[PDB]
Amino acid sequence: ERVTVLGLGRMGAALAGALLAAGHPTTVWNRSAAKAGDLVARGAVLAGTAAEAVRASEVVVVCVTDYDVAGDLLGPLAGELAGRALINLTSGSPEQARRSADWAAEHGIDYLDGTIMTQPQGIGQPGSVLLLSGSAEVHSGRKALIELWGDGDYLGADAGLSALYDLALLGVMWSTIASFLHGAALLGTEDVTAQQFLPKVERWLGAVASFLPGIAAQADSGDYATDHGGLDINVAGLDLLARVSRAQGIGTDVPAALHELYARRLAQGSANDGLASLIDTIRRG
Amino acid sequence: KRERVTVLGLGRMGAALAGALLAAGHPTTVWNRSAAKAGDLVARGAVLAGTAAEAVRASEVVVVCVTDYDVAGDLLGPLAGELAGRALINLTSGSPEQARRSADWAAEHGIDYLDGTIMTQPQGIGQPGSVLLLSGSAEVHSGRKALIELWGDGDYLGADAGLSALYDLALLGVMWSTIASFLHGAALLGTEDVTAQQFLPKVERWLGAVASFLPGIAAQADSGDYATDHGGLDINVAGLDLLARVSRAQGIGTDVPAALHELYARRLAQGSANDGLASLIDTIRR
Ligand SMILES: NC(=O)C1=CN([C@@H]2O[C@H](COP(=O)(O)OP(=O)(O)OC[C@H]3O[C@@H](n4cnc5c(N)ncnc54)[C@H](OP(=O)(O)O)[C@@H]3O)[C@@H](O)[C@H]2O)C=CC1
Ligand SMILES: NC(=O)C1=CN([C@@H]2O[C@H](COP(=O)(O)OP(=O)(O)OC[C@H]3O[C@@H](n4cnc5c(N)ncnc54)[C@H](OP(=O)(O)O)[C@@H]3O)[C@@H](O)[C@H]2O)C=CC1
Ligand code: NA
């Protein structure tokens, strides 16, 4: 099926490359035409203008720096985009994606927002994941196409969901990485490398990952059992982590922030509340 | 051979240790400062000794599990004479320094000493996959491997007795972090009526992808060479700011993203735009 890709930066080039290696007829457009050279070699058709590109296909994928750019670029092509399917894999906020979808509704444009959770060299590779939201009709119908980039997880019809889920997952990434590097910092004061530390974390993360189904259940039922010792002892642990961190000779930022946060849930509840009770603390802005 | 073991201290964790010993056929002698705690284990065939000294003399390996190293020291100091010649395994939780203190005392009296740290709850003693960190006497570890393997999965870390506690705390840091952040995400998604149980599969998958980033981050962390093409510190700081702001927009707290934003952005403010996330380690060191 004939498909168009607007934006040929590192990620947009990767999205088109994968459509092409599966033998889709791939029309492309980029502001800097130079970047479509390798792709047009392997057999893409480069439009002269964006309008031109849009007219070439019933599916349009867009991947550019941000939604202000997307807006500036698609707004003029609203008339040309009527009746076509639009898949926006630009990264931005829930609100921007919702606005896009609104915009797309009034101009009779089927609209699927997505957020890519891998690097360009990871497109078409196993373990690539794209979160998707907006038009279900666009998702099924183009599911084959989407699956060339990775596992496509359709989340629902609110086009904001992809961005929202993404940012929640990114939160876990940033958190996990900082805590890794704090662990490596600390064991470093004892001549253990990050790479000798690494296998233990790999093992330990498996155990942690087994903990979360129970944490999730409780967070939802609101019944906070004490399967990790209860807040009292985990708060004391964090404190001891912070104190031992200083003692060995590094900073205490990571433990400090976590201490403050778990400690707070100790106030609004009991000593024998599980960690799961911490959701309740975050819900109150 | 299922040789005779003593357990001193029979709170929930100490009692769980003793029960696994009994359940692998070890003749188990127990002591607690209050006798009735030993009720269920004596019905299961533990021998409850009259005193700590009697307990210590029954067995050639002594396991102690009490609330802290202060109580441990108050208990074991008088038994120095009695413990001399025997193996002592200390699964009390505490600091690296407390464990190094206990090791140095133990060496003074010729007490072979292994310090450990249990990384599960009582309920998970005797389950494989429950993790134990052991540090101290290589002799005791290999000589009583079969014993330690009753309680779960033994990770022997080296000769320094404080290592078990050091790693425990580092790894616990990672569990606290992942739980904090996962519930932050759960609460964020709850503003659109998505439950934590719906979110969980998406996290469990992403966790796999996150684990696969660490080898590379580990390598950079060790080398000092933070320059990246993927995981640009600058764009990640903006990612974090974006997450904080979407958080108050959807109408929850921001304490988790904000605390991280601060830390990463502090490194961006004194490193290089070119840096990758591994560079954080330089900032945590100061
Ligand atoms: N790369 C990654 O690892 C990831 C990327 N993303 C998202 O993918 C999107 C694109 O990223 P990436 O390809 O790496 O970035 P690049 O900077 O490599 O490319 C950005 C694209 O935007 C275009 N563009 C920029 N400004 C304008 C403008 N004013 N008018 C029209 N087009 C414009 C560029 O055209 P030109 O070449 O002429 O500048 C280029 O095609 C972003 O939303 C990013 O967050 C999502 C997940 C991770
Ligand atoms: N349980 C958990 O979730 C986890 C536990 N740990 C660590 O394991 C350790 C063992 O905890 P656990 O034994 O189950 O806890 P408890 O506090 O329930 O029991 C403490 C033990 O020490 C004795 N004791 C307490 N205070 C004194 C005192 N002042 N003088 C003399 N003896 C005293 C108690 O006797 P009595 O029964 O008479 O009070 C009991 O034998 C802790 O340090 C904990 O941090 C590690 C991982 C997780
Ligand atoms: Na210990």
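Residue labels here follow a simple count from 1 along each chain's written sequence instead of the entry's numbering, which may differ, and residues missing coordinates are not shown. Each chain is given a letter, starting from A, and each ligand a number, starting from 1, according to the order in which they appear as written. Hydrogens and water molecules were not included; the side-chain quantities draw on all heavy atoms of the structure. Residues with missing side-chain atoms are left out of burial classes, side-chain pairs and their counts.

This deposited entry lists X-ray crystallography as its structure determination method and 2.680 Å as its resolution.

Under the annotation held in the PDB entry, chain B carries the name Dehydrogenase and is attributed to Kutzneria albida DSM 43870. In the Sequence similarities (unreviewed entry) part of its UniProt record, chain B is described as follows: "Belongs to the HIBADH-related family." UniProt positions are given in the numbering used here, feature names are shortened, and annotations may be inferred rather than shown by experiment.

Per the PDB entry, chain A is named Dehydrogenase, and its organism is Kutzneria albida DSM 43870.

What follows is about the environment of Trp206 of chain B. Mapped onto the elements, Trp206 of chain B comes out in helix α10 (residues 196-211). Relative accessibility decides the category of a residue: with a 1.4 Å probe and only protein chains considered, values under 20% of the type maximum give buried, values over 50% give exposed, and everything between is partly exposed. Exposure remark for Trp206 of chain B: the relative accessible area of 6% places this residue in the buried category. In contact with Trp206 of chain B, other than residues within four places in its own chain, are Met117, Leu169, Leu170, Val172 and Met173 of chain A together with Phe213 of chain B. A run of DSSP states H or I qualifies as a helix once it reaches four residues; a run of E qualifies as a strand once it reaches two. Both are numbered from the N-terminal end. Residue contacts are defined here by distance: any two heavy atoms, one from each residue, within 4.5 Å place the two residues in contact.

Note on metal sites: the ideal angle is 109.5 degrees for four tetrahedral donors, and 90 or 180 degrees for six octahedral donors. All names here are of chain B. In this analysis a donor is any N, O or S atom within 2.8 Å of a metal ion (3.2 Å for sodium, potassium and calcium), and since water is not included, sites may seem incomplete. For the sodium ion (ligand 3), the full set of protein donor atoms is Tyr69 (OH), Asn90 (O), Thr92 (O), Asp115 (OD) and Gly116 (O), at a range of 2.1 to 2.9 Å. Looking at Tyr69, the relative accessible area reads 8%, which means it is buried. Residue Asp115 is classed as buried on the basis of its relative accessible area, which comes to 1%.

Residue and element names in this part refer to chain B. Here chain B is described as being made up of domain 1 (5-159) and domain 2 (167-285). The start and end points of each domain follow an automatic or database-based domain assignment. Its C-alpha centre places domain 1 at a distance of 38 Å from the equivalent point of domain 2. On the side of domain 2, four residues touch domain 1, which itself brings five residues to the contact. Sorting the residues of domain 1 by area buried against domain 2 places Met119, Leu133 and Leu157 first, and these three jointly supply 70% of that buried surface. The salt bridge definition used is simple: a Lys or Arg side-chain nitrogen within 4 Å of an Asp or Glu carboxyl oxygen. For the interface between domain 1 and domain 2, the tally reads zero salt bridges. Polar contact is defined as a pair of N or O atoms within 3.5 Å, subject to the rule that within protein one atom must be able to donate a hydrogen and the other to accept it, and that residues adjacent in sequence are counted only when both atoms are side-chain atoms. Taken together, the links from domain 1 to domain 2 amount to zero residue pairs in polar contact. Residue polarity follows a fixed list, in which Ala, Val, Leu, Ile, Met, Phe, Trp, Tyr, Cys and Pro are nonpolar, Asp, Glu, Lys and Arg are charged, and the others, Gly among them, are polar. The residue makeup of the side of domain 1 that touches domain 2, split by class, is four nonpolar, one polar and no charged. Here the quantity called buried area is the total loss of accessible area, with a 1.4 Å probe, experienced by two parts when brought into contact, counted for both.

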